[PDB]
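Below you'll find the structure, written out as C-alpha cells, and then a few comments.
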Amino acid sequence: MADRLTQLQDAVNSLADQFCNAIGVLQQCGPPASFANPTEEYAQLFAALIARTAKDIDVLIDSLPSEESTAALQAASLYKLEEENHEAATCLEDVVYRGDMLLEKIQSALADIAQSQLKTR
Amino acid sequence: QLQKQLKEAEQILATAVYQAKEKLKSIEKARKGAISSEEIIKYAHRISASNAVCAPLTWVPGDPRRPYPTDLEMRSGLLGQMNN
Amino acid sequence: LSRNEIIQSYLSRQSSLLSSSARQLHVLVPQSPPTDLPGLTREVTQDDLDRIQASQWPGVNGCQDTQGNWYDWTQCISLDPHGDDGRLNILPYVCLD
Amino acid sequence: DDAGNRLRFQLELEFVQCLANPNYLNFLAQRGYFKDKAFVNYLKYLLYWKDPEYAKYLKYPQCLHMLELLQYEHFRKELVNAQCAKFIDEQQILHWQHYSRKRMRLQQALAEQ
Amino acid sequence: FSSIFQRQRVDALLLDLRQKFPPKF
Amino acid sequence: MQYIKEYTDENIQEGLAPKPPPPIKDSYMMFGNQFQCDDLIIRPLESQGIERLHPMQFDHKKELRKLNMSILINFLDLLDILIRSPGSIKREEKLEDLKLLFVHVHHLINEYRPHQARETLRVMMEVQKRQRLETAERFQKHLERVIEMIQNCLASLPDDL
Amino acid sequence: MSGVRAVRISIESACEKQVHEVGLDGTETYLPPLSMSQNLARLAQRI
Amino acid sequence: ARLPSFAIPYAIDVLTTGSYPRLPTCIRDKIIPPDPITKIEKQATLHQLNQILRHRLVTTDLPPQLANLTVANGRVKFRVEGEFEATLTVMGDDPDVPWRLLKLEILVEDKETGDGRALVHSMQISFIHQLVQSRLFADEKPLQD
C-alpha cells in the first residue's frame with residue numbers, strides 16, 4: 001500500500017460514496033413546501049466536498065507517470081543496471097581482497113610480537 | 001608502543017572488513033538466485049491480487065479473510081472434497 | 001441508511017475529507033508523441049538511458065512542480081490545490097522497503 | 001502417468017498452502033499425525049517447493065516459513081497446546097496489517113508537519 | 001514405560017586451603 | 001479438512017523406493033476453487049466482458065481526466081433526470097451508465113499497476129547499485145587510514161631505534 | 001505485457017529491520033541492533 | 001474492482017532465496033531453541049579468541065616461574081610440569097571479561113599411597129575449581145593468585 005495509485009483508487013471510491021450520500025441526504029431530509037436552513041447548509045457542504053474530491057483526483061492523475069516511459073524503456077534501463085551492478089560487485093570484491101590481505105599481514109605481525117614478548121618473560 | 005597502535009589499527013580494519021563481508025555475503029546470496037523480471041511481476045500479481053501477503057486496506061477483526069488458506073478454501077478444495 | 005443525523009453526517013464529512021485531503025500544482029505535461037518503443041521507435045541507444053539515470057525527466061523520473069521543487073518517485077509531495085489551509089499529500093509512488 | 005502426476009501436484013500444493021494455517025496445524029497436532037514418521041518423511045519431501053520453479057505456484061506464501069518451522073521436530077511435539085497456536089495466529093495476523101500501519105504512520109507524519 | 005581412605009588427609013588440606021585462601025564472591 | 005494419506009503411506013520406505021516430486025504443470029490447474037490457468041495476462045482486457053469507450057490512442061492521463069469529467073457530468077445529468085422525469089427509462093440506463101464509467105476509471109489505473117511494479121524494480125536496482133559503491137568508498141577510506149596509521153607507527157619506530 | 005522483454009535481475013533482498021515480536025496494537029520491537037563484538041561474545045558463549 | 005499494490009519485496013524474498021524472513025521471529029525464538037554452532041564459524045571464533053588471549057596475556061603480569069603457556073585453541077594451558085594443569089579462557093572482549101577455569105587437573109601421583117587410584121577425587125578437584133574460580137572473580141591481578 002501507500003502509493004499514489006491507492007490514493008487515487010480511494011479518492012474515486014470516495015467520489016462515488018459522496019454521490020450516493022448526497023442523493024440519500026438531500027432526498028430523505030428537506031423542508032416540506034409552500035405553494036430547512038440546516039438542509040441548505042448540508043447541500044452547500046456536500047457540493048463543496050464533491051468539488052474538492054474532483055480537484056484532488058485531477059491533481060493525483062497529473063502526478064502519476066506519463067505515456068512516455070514505456071515498458072521497453074524500463075526494461076533496457078533494467079538491463080543496464082544489471083551490468084553496472086555486476087561491475088560494482090567486482091569492484092567491491094577487489095577492495096575487500098586488498099583489505100583482507102593487509103589485515104592478515106598485520107594480524108600475523110602482532111601475533112609474532114606477542115610471542116616474542118611472552119618468550120622473553 | 002608498537003603493540004597498542006598496531007592493535008587499534010587491527011581493530012579498525014577488522015570492523016571494516018567485517019561489514020564489507022556482510023555486504024559481500026548478501027551479494028553472493030543474490031548471485032545464487034536470478035529470475036527474469038516478468039516472472040517476478042507475474043508472481044507478485046498472484047501473491048497480491050487477492051490479499052494473501054498484505055492485508056486489505058479496510059480490515060476490522062471479524063472480517064472473514066485471512067492470510068492462511070481459510071476454512072472455506074480448505075473444505076472446498078480438492079483436498080477436502082475428493083478424498084471425502 | 002434509514003436516518004442521517006447532524007452528528008453522523010458530520011462524521012461522514014470528517015471521514016471523507018481525511019480520506020481525500022496561489023496554486024502550487026504540478027507543472028502541466030502535454031501529450032507525448034515520441035514514445036520509445038511504440039511511438040518514435042528509437043533503436044536501443046544510450047542518451048535515453050543516461051537521461052533516465054542522471055538527468056531530470058519530468059514524465060519518467062519524477063514529478064516537477066511550481067515553486068521549482070523536484071520530486072522523484074520515492075518521495076511524498078505536499079501540495080495545496082485549493083485556497084484553503086488543507087494540504088493534499090500525494091504519497092510516494094514506489095515506497096522502497 | 002499424466003493424471004497421477006497432475007493430481008499429486010495439485011493435491012500437494014493445496015496441502016502446503018493449507019499447511020500455512022495455524023489452526024489446521026493445531027488440528028494435525030491434536031489429532032496426532034505428527035508423531036508418525038511417514039509424515040516426517042513427507043515433510044522432508046515437501047521442501048521441493050523452495051525451488052523457484054515450484055514456488056512460482058504458491059499463492060499463499062507463508063506456508064514455506066512454517067514448513068521450515070515444521071522440520072524442527074521439537075515444534076511438532078509442541079503445537080498441541082492451543083494457546084501457542086493462537087499465539088502464532090495472532091502474530092501472523094498482526095504482521096499481516098504491517099504495510100497498513102506503515103501507511104497510517106506515514107500519513108500522520110505528513111499530516112503533522 | 002569411590003573414596004580411597006587417604007581423603008581424610010586431602011580433606012584437612014582442603015580446609016587449610018580454605019583458610020589460607022578464602023573464597024571471594 | 002483432510003491429509004493426503006496415500007502418498008504419506010508411500011513415503012515410509014527405504015532404498016530408492018520413495019517417490020519423486022511431480023513435474024511442473026504448464027496448463028490449467030484447479031488450486032483452491034478457481035482455475036488459475038497459466039500464461040494469463042496480469043490485466044485481463046476490458047473487451048472481455050464489458051464495452052470499451054476509448055480508442056487505441058490510449059494516452060492514459062488524458063483519458064483519465066476525460067473519465068473524471070464524464071463521471072461528474074453524468075452525475076449532473078442524473079440530477080436532471082431526478083428533476084424532470086423520475087419515471088423515465090433513461091435513469092436505469094443512467095444508473096448503469098456511470099457504473100460503466102466507474103469501471104473504466106478503475107480499469108485504467110489498474111493498468112498502472114504492472115508499470116509501477118516494473119518501475120519499483122528499477123529504482124531498487126539503482127539504490128542497490130549506489131549502496132554498493134558507497135560501502136566500497138567507505139571501506140577504501142578506512143583502508144587508507146589504516147595504511148597511514150601503520151605508516152606513522154613505522155615512522156615512529158626507527159626514531160626509537 | 002504484450003511480450004515485453006524480460007531481463008535477469010538479481011536483487012538483493014533488503015534485510016535491514018527484522019521484526020522480532022509484533023506487539024498488540026502496533027509497536028513492533030525490532031530486537032537486533034546488528035553488533036560486531038557481541039557476535040563474538042554470543043558465539044564464544046555458545047561453544 | 002480495484003487491484004491492490006503488487007507487494008514486490010515479498011516476492012523478491014520468495015523467488016531469490018526460497019524462504020520468508022518477514023514474519024515475527026518470536027515464533028521461532030519462543031518455541032524452538034537456537035541452532036547448534038556449526039564448523040567454520042567455530043574455527044574463526046577460536047582463532048579470534050586465540051588472538052584476544054595473546055593480547056590479554058601480554059598485558060597481565062603472568063606468572064613467570066615454570067608456567068609454560070600454549071594458546072592452543074582458545075585455551076592458554078597453564079601447565080607447571082611438576083604438579084598442576086590449568087586451562088583458562090576468556091569469554092568476551094579484551095579489557096574486562098574475567099577468566100574461566102575450563103579444566104583443572106592435578107599431576108601429582110603415586111600409585112601406592114593412593115591405593116592404585118587417583119590421589120585426589122573429582123569432588124575435591126571440583127571444589128578447588130570453585131575456589132579458584134571465585135578468586136578469579138575477585139578481579140585482582142588474577143594469575144598470580
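FYI, nothing fancy with the C-alpha cells labels: chains A, B, ... in order, residues from 1 per chain, ligands from 1 as they appear.
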
Just the residues within 7 Å of residue 77 of chain C, please, counting only C-alpha atoms, with nothing from its chain fewer than 5 positions along; format it as a PDB file with N, CA, C and O atoms, in the first residue's frame.
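Generated file (part-v5.pdb):
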```pdb
ATOM      1  N   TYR C  71      10.609  16.336  -7.326  1.00  0.00           N
ATOM      2  CA  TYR C  71      10.281  15.179  -6.504  1.00  0.00           C
ATOM      3  C   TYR C  71      10.368  13.927  -7.354  1.00  0.00           C
ATOM      4  O   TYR C  71       9.566  13.758  -8.273  1.00  0.00           O
ATOM      5  N   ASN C  89      -1.645  15.619   0.189  1.00  0.00           N
ATOM      6  CA  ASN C  89      -0.383  14.935   0.399  1.00  0.00           C
ATOM      7  C   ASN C  89      -0.348  13.689  -0.459  1.00  0.00           C
ATOM      8  O   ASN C  89      -0.872  12.641  -0.066  1.00  0.00           O
ATOM      9  N   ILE C  90       0.251  13.811  -1.628  1.00  0.00           N
ATOM     10  CA  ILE C  90       0.457  12.680  -2.506  1.00  0.00           C
ATOM     11  C   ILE C  90       1.529  11.808  -1.886  1.00  0.00           C
ATOM     12  O   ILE C  90       2.636  12.276  -1.607  1.00  0.00           O
ATOM     13  N   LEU C  91       1.209  10.550  -1.679  1.00  0.00           N
ATOM     14  CA  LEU C  91       2.122   9.595  -1.090  1.00  0.00           C
ATOM     15  C   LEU C  91       3.175   9.201  -2.126  1.00  0.00           C
ATOM     16  O   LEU C  91       3.065   9.574  -3.288  1.00  0.00           O
TER      17      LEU C  91
END
```

Quiz item: Quick one: residues within 8 Å of segment 9-11 of chain H, only C-alpha atoms counted, chain neighbours fewer than 5 positions away excluded, as a list in words?
Solution: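 Result of the neighbour search: residues 40, 43, 44, 47 and 53 of chain B; 97 of chain C; 13 and 14 of chain G; 20 and 22 of chain H.
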
Self-check item: Close residues, segment 18-23 of chain B itself excluded, 12 Å, only C-alpha atoms, min 3 positions apart in chain, as a count of residues only
Solution: 46

Self-check item: Within 12 Å of segment 35-49 of chain F using only C-alpha atoms, minus same-chain residues under 5 positions, as a VMD selection string
Solution: (chain B and resid 38 to 49 77 to 78) or (chain D and resid 10 56 to 59) or (chain F and resid 24 to 30 54 to 55 100 103 to 115 117) or (chain G and resid 1 to 4) or (chain H and resid 1 to 3 6)

Quiz item: Can you tell me, as a PyMOL selection string, what residues are no more than 8 Å from segment 119-125 of chain H when counting only C-alpha atoms, ignoring any on the same chain fewer than 5 positions away?
Solution: (chain E and resi 3+7+10-11+14) or (chain H and resi 104-106+108-110+114)

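Taking atom CA of residue 80 of chain A and atom CA of residue 53 of chain C as the two end points, the separation is 10.0 Å.
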
Quiz item: Any idea what's packed within 12 Å of residue 79 of chain B, counting only C-alpha atoms, ignoring anything in its chain fewer than 2 positions away? Could you give it as a VMD selection string?
Solution: (chain B and resid 72 to 77 81 to 84) or (chain D and resid 7 to 19) or (chain F and resid 1 to 5 30 to 33)

Exercise. Pick out the residues sitting within 9 Å of residue 20 of chain D, and hand them over as a ChimeraX atom specification; count only C-alpha atoms, and ignore anything fewer than 4 positions along from it in its own chain.
Key: /B:67-69 /D:15-16,24-25,60-67

Resulting file, chosen residues, N, CA and C atoms, as an mmCIF file, in the first residue's frame:
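Output file again10.cif follows:
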```
data_model
loop_
_atom_site.group_PDB
_atom_site.id
_atom_site.type_symbol
_atom_site.label_atom_id
_atom_site.label_comp_id
_atom_site.auth_asym_id
_atom_site.auth_seq_id
_atom_site.Cartn_x
_atom_site.Cartn_y
_atom_site.Cartn_z
ATOM 1 N N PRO B 67 -4.710 -14.452 6.106
ATOM 2 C CA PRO B 67 -3.527 -14.718 5.276
ATOM 3 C C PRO B 67 -3.176 -16.184 5.177
ATOM 4 N N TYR B 68 -3.933 -17.050 5.857
ATOM 5 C CA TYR B 68 -3.733 -18.513 5.699
ATOM 6 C C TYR B 68 -4.797 -19.010 4.706
ATOM 7 N N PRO B 69 -4.917 -20.317 4.369
ATOM 8 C CA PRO B 69 -5.859 -20.773 3.332
ATOM 9 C C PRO B 69 -7.326 -20.449 3.642
ATOM 10 N N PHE D 15 -2.081 -28.912 -0.114
ATOM 11 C CA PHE D 15 -1.698 -29.313 1.230
ATOM 12 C C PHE D 15 -0.707 -28.339 1.848
ATOM 13 N N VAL D 16 0.264 -27.847 1.080
ATOM 14 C CA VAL D 16 1.247 -26.966 1.712
ATOM 15 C C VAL D 16 0.647 -25.593 1.979
ATOM 16 N N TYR D 24 -5.200 -25.423 11.202
ATOM 17 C CA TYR D 24 -5.031 -26.759 10.652
ATOM 18 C C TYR D 24 -3.796 -27.422 11.223
ATOM 19 N N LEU D 25 -2.803 -26.621 11.601
ATOM 20 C CA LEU D 25 -1.642 -27.166 12.291
ATOM 21 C C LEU D 25 -2.011 -27.662 13.681
ATOM 22 N N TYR D 60 -0.414 -18.663 -1.547
ATOM 23 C CA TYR D 60 -0.259 -18.201 -0.146
ATOM 24 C C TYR D 60 1.186 -18.448 0.259
ATOM 25 N N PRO D 61 1.988 -17.383 0.413
ATOM 26 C CA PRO D 61 3.411 -17.527 0.684
ATOM 27 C C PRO D 61 3.890 -18.070 2.029
ATOM 28 N N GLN D 62 3.237 -17.721 3.132
ATOM 29 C CA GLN D 62 3.789 -18.047 4.475
ATOM 30 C C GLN D 62 4.072 -19.541 4.623
ATOM 31 N N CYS D 63 3.245 -20.391 4.024
ATOM 32 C CA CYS D 63 3.413 -21.857 4.144
ATOM 33 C C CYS D 63 4.882 -22.259 4.213
ATOM 34 N N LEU D 64 5.778 -21.560 3.513
ATOM 35 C CA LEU D 64 7.160 -22.031 3.427
ATOM 36 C C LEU D 64 7.921 -21.776 4.713
ATOM 37 N N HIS D 65 7.651 -20.642 5.367
ATOM 38 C CA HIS D 65 8.302 -20.380 6.643
ATOM 39 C C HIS D 65 7.850 -21.382 7.685
ATOM 40 N N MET D 66 6.535 -21.633 7.752
ATOM 41 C CA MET D 66 6.029 -22.622 8.693
ATOM 42 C C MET D 66 6.496 -24.012 8.310
ATOM 43 N N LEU D 67 6.719 -24.240 7.011
ATOM 44 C CA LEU D 67 7.206 -25.542 6.590
ATOM 45 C C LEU D 67 8.604 -25.771 7.120
#
```
